[PDB]
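1. quick one: experimental structure and sequence below.
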Amino acid sequence: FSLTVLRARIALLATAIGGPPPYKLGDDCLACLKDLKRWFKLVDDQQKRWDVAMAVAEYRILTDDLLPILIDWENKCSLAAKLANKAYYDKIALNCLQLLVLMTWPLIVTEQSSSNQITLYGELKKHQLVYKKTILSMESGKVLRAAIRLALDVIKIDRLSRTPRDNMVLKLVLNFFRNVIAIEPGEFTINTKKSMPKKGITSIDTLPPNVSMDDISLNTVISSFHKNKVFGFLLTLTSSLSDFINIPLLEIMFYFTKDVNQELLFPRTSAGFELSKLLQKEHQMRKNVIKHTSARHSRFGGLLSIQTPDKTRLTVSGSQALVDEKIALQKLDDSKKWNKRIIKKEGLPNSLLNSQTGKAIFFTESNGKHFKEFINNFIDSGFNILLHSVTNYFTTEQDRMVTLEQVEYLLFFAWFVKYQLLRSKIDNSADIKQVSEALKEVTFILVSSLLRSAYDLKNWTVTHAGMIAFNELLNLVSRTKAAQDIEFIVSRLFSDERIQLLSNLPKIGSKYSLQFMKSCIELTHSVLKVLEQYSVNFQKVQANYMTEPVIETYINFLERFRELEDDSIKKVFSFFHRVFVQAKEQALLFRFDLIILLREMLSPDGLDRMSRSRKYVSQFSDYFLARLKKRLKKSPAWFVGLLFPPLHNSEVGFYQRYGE
Amino acid sequence: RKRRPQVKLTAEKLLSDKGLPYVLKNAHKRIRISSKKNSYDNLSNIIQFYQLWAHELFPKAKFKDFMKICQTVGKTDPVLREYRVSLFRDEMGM
Amino acid sequence: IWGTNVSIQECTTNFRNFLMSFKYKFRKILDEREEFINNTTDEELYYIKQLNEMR
DNA sequence: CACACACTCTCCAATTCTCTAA
DNA sequence: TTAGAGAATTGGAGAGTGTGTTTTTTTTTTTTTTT
């Protein structure tokens, strides 16, 4: 009975505000706006119900009433700003935007959260997408042009002349930008209280019919940003950095770039050439597929017996097996219906924290061109200044930072410092000094301390937020060394204290997500190349790398060849290639896991024949087989020792791993 | 009352007649090697021996599961390491 | 082949050596055909010509 | 009717896990 | 850090409740509109 009364009040407020067909402000509009604000605030935190927002979304208040308020105020604001009760006509938009940011606030569910919040999270996440869907498509999304008025009114006055109260207005308006663009589809929380049936989840599309994946992607957000001029707003806000406009702004312009790769920026009928190439690749893989299918129908009945050792007469069907004995053996292998158990595992805005390499958001060519220059202009305007502004705050309240701050800060830092270096690599028009300002000693030691502290608390996500920056630390050290003593103080503290941390993560993180494993291989590849120009010892750092779990975690990445790219396979294979003659530690490489992956590599079903990956790999595997034959021919026990793991006995450790 | 338990890789089963003696005997007279041929054929021929040994020794489990279980047993059970040490000591005499 | 005690390898080799080096003259003499004087239509590699036609 | 199918109700030993082991 | 003694959980066979069939429209009258 309480819920339907709440619905009655929401409907009563809906018909009290007014409507169209020009929208009309009803009597006591401010009073009803304040009443709605008070009710929503009371039910949000004081009572923790999350039901008033639901009723508002139901009456389509945000679309039918709230948006037209700002749209109707926009023309009056333009007329007043071009002509040359303004306070009453200005304060009306304040409450509307305060309501908008409150409803657009992301919803977080944890164990401490009550059942109502988790129950309504799945029913309100779709409405969250609805809000951003209707906002972006509302006549070029001009509501953001009205939003920036709620900031330029306060920022216009002198910064030293700021207001102890009006200062919260800037935070409230700024939160709206980061809230609207952080809206992403949620997860279908399957009810796992009982065993699931012989069929899985039917539909994973968490989108209401009014919401389409076309109209909610970050491409739409970036197009709306460009068409609403707010690029100038974001540039001018950063141009006047010289506190409260730093923490929100850290993620206001980061959300749409939290997971967008920089490779799509440069291509390296224009879109149709890649279309033709992809058609060629899929034609090749389909051609490889049909090599197994019989020339005739399945019911042709091709039966055979393999005269296997012991004169066995095992019967396996299939005319395909009559072509090759290997096909018959594979049909023998996959005939078994028994399988083992494979164990498996975002609380913060989804991104690298949960995005596979192929999740490249489609961009319009014009939109891509605009976004290419927008971020470059931001870097040329205020990048290092913004970093130095938050350097002081980062040095304090180390234990007072919620896990959201690390994931929203470290990813931003690493992504932009990586983008600057790749942009400088592709084109020389950008100086390295534009990113060289991040080599400050205090910033480096603080970020390293955060990375090491995240290890002991089992905060794997926060630690993965740190490796992505640690890779670019070594990359930038190399870039500023080759293109050149400031780099020494940043790249000499990893002598004894930091070697354990970098040499332990690969041995333990192999039982987690793919990206966690991908971080460590890049770390090792970068660290093996930064020190090559000075060699504290080349033969000593590599000694701690040649360990069996390290080889296991490197070879576990190779099993995903159906999705590994040229560089992903290149780094993994080059790690073993660079130690073939420089280290000569191939004895630990003698597990069957690498041999079966080599068989998969050279097989046409794996790597592409026309590409430039399988040729050098095939030649190196040809040499690998020669090494295997030479080492196996000299030890009969090594024929079966190749399968079993190595031993801890003293004499055999040098007898087998080194051959006396 | 209770189902027949599934057969697992017991230590005794690892020393079957069609096991270690068979592979040790046929290593030097089963697989031919030639670098002129494509490496894929050589690798497939090499893995053929282990696959047939696993199937005729344990037709229940597949290839990858069998090798993973064997690796875990070798890393865990020290009797396999003791046997490997004994064979290494025997081979050291020559 | 199961249930036959016949090796696939020997059958493949038999059909392979039957494909080329075979001439229609063998068929012409198999049926005791009197008009086996023809050379181009009999002594030529019939199956090789067929394979070339397919190519 | 009853034999065969599909599936909810129900249940111990092999498979995983982290406290105490070497 | 290693080979080995302790907790803790849940999938694969089986007890069991309720199903699902076989199961049919021929041939023969009677009417009605065209032929």
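-> Cool, the structure landed. Numbers count the residues shown, from 1 in each chain, chains lettered A, B, ... in the order given.
2. helix or strand: which one has the closest residue in space to residue A:151 that isn't next to it in sequence?
-> Distances taken as Cβ to Cβ, 6 or more residues apart in numbering or on different chains place residue A:173 nearest to residue A:151, at 4.8 Å, with adjacent residues excluded. Placement of C-beta: from N, CA and C, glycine included. Taking DSSP states H and E as the definition, residue A:173 sits inside helix A:166-181.
3. buried residues, that helix. List them.
-> A:169-170, A:172-181 (16 or more other Cβ atoms under 10 Å in any protein chain shown).
4. tell me the helix or strand right after it.
-> As assigned by DSSP H and E, the chain's next helix or strand after helix A:166-181 is helix A:213-216.
5. one step back: test my guess that the residue nearest to residue A:151 contacts residue A:150.
-> Yes - taking Cβ atoms under 8 Å as the definition, residue A:173 is a contact partner of residue A:150 at 4.1 Å.
6. who touches both of those two?
-> Residues touching both residue A:173 and residue A:150 by Cβ atoms under 8 Å, 6 or more residues apart in numbering or on different chains: residue A:97.
7. ok, residues contacting the lengthiest helix in chain B?
-> Ranked by residue count and defined by DSSP state H, the top helix of chain B is helix B:39-57. Residues from elsewhere that reach helix B:39-57 (Cβ under 8 Å, 6+ apart): A:308-310, A:312, A:326, A:329, A:332-333, A:592, A:595-596, A:598-599, A:602-603, A:618, A:621-622, A:624-625, A:643, B:13, B:16, B:18-19, B:22-23, B:26, B:30-34, B:61, B:63, B:66-67.
8. for that helix, buried residues please.
-> Result for helix B:39-57 [16+ other Cβ under 10 Å]: buried residues B:39-40, B:42-57.
9. next: stretch A:425-435.
-> Neighbour-count burial for stretch A:425-435 [16+ other Cβ under 10 Å]: A:430, A:434-435.
10. how far is stretch A:470-490 from where the chain is centred?
-> Offset of stretch A:470-490 from its chain centre (Cα atoms, centre = their mean, to the nearest Å): 25 Å.
11. what residues of that stretch count as buried?
-> Buried residues in stretch A:470-490 (16+ other Cβ under 10 Å): A:470-480, A:487, A:490.
12. can you list these in CSV and add secondary structure?
-> Converted to CSV, the buried residues of stretch A:470-490 look like this (DSSP: H, G, I helix; E, B strand; the rest coil):
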residue, secondary structure
A:470, helix
A:471, helix
A:472, helix
A:473, helix
A:474, helix
A:475, helix
A:476, helix
A:477, helix
A:478, helix
A:479, helix
A:480, helix
A:487, helix
A:490, helix
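13. show me where chain C has helices.
-> C:8-19, C:24-30, C:46-54.
14. what's the answer for chain B, then?
-> With DSSP H as the criterion, chain B has helices spanning B:20-30, B:39-57, B:63-76, B:78-92.
15. export those as CSV, with columns for distance to residue C:39.
-> Below are the helices of chain B laid out as CSV (distance: least, Cβ to Cβ, whole Å):
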stretch, distance to residue C:39
helix B:20-30, 51
helix B:39-57, 43
helix B:63-76, 58
helix B:78-92, 69
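16. can you list those in a markdown table and add distance to DNA strand D?
-> Listed next are the helices of chain B as a markdown table, based on distance: least, Cβ to the nearest atom of the strand, whole Å:
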| stretch | distance to DNA strand D |
| --- | --- |
| helix B:20-30 | 21 |
| helix B:39-57 | 16 |
| helix B:63-76 | 7 |
| helix B:78-92 | 11 |
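17. residue 19 - how many residues pack around it?
-> Since no chain was named, I'll use chain A. If you count neighbours by other Cβ atoms under 10 Å in any protein chain shown, residue A:19 ends up with 13.
18. try again with chain B
-> For residue B:19, the count of nearby residues is 15 (other Cβ under 10 Å).
19. OK, contacts around it?
-> B:53, B:57.
20. and of the buried residues of helix A:166-181, the nearest to chain B?
-> Minimum distance to chain B across the buried residues of helix A:166-181 is 43.7 Å, recorded for residue A:181 (Cβ to the nearest Cβ).
21. where along the stretch 51-200 of chain A do the helices fall?
-> A:52-58, A:61, A:67-83, A:86-104, A:115-136, A:143-155, A:166-181 (DSSP state H, counting those that start in this stretch).
22. so which of those gets nearest residue A:226?
-> Nearest to residue A:226 among the helices of the stretch 51-200 of chain A is helix A:143-155; the distance by Cβ to Cβ comes to 11.2 Å.
23. gap between the residue of chain C found nearest DNA strand E and residue A:50?
-> Proximity of chain C to DNA strand E (Cβ to the nearest atom of the strand) peaks at residue C:2, 28.2 Å away. Relative to residue A:50, residue C:2 is positioned 68 Å away (Cβ to Cβ, to the nearest Å).
24. keep only the buried residues of stretch A:470-490 that also lie close to DNA strand D.
-> Among the buried residues of stretch A:470-490, not one lies near DNA strand D by Cβ under 7 Å from any atom of the strand.
25. among these, which one sits closest to DNA strand D?
-> residue A:470 (27.1 Å).
26. does that closest one touch residue A:454 like I think?
-> No - the pair residue A:470 and residue A:454 does not pass the contact test of Cβ under 8 Å, sitting 11.7 Å apart.
27. find the nearest non-adjacent residue to the residue of chain A at minimum distance from DNA strand E, please.
-> Going by Cβ to the nearest atom of the strand, DNA strand E is nearest to residue A:648 of chain A, at 4.7 Å. The shortest distance from residue A:648 to any non-neighbouring residue, by Cβ to Cβ, 6+ apart, is to residue B:81 (7.3 Å).
28. who's in contact with the residue of chain C closest to DNA strand E?
-> Applying Cβ under 8 Å, 6+ apart, the residues contacting residue C:2 are A:303-305, A:313, A:315.
29. just the ones of those in strands?
-> The strands, defined by DSSP state E, take in A:303-305, A:313, A:315 from these.
30. in its sheet, what does the strand or helix carrying residue A:307 sit against?
-> When elements are assigned from DSSP H and E, residue A:307 belongs to strand A:303-308. Applying DSSP bridges, strand A:303-308 is found paired with strand A:312-317 (antiparallel).
31. list the buried residues for the partner strand?
-> Quick answer for strand A:312-317 (16+ other Cβ under 10 Å): A:314, A:316.
32. and residue A:28, which of the helices of the stretch 51-200 of chain A is closest to it?
-> Among the helices of the stretch 51-200 of chain A, the nearest to residue A:28 by Cβ to Cβ is helix A:86-104 (12.4 Å).
33. can you check what angle separates that closest one from helix A:67-83?
-> Here helix A:86-104 points in a direction 140 degrees away from that of helix A:67-83 (axes from the mean of the first three to the mean of the last three Cα atoms, to 10 degrees).
34. what's in contact with helix A:86-104?
-> Contacts of helix A:86-104 (Cβ under 8 Å, 6+ apart): A:25, A:29-30, A:33-34, A:36-37, A:40-41, A:44, A:53, A:56-57, A:62, A:66, A:69-70, A:73, A:76, A:80, A:128, A:131-132, A:146-147, A:149-150, A:153, A:169, A:172-173, A:175-176, A:179-180, A:183.
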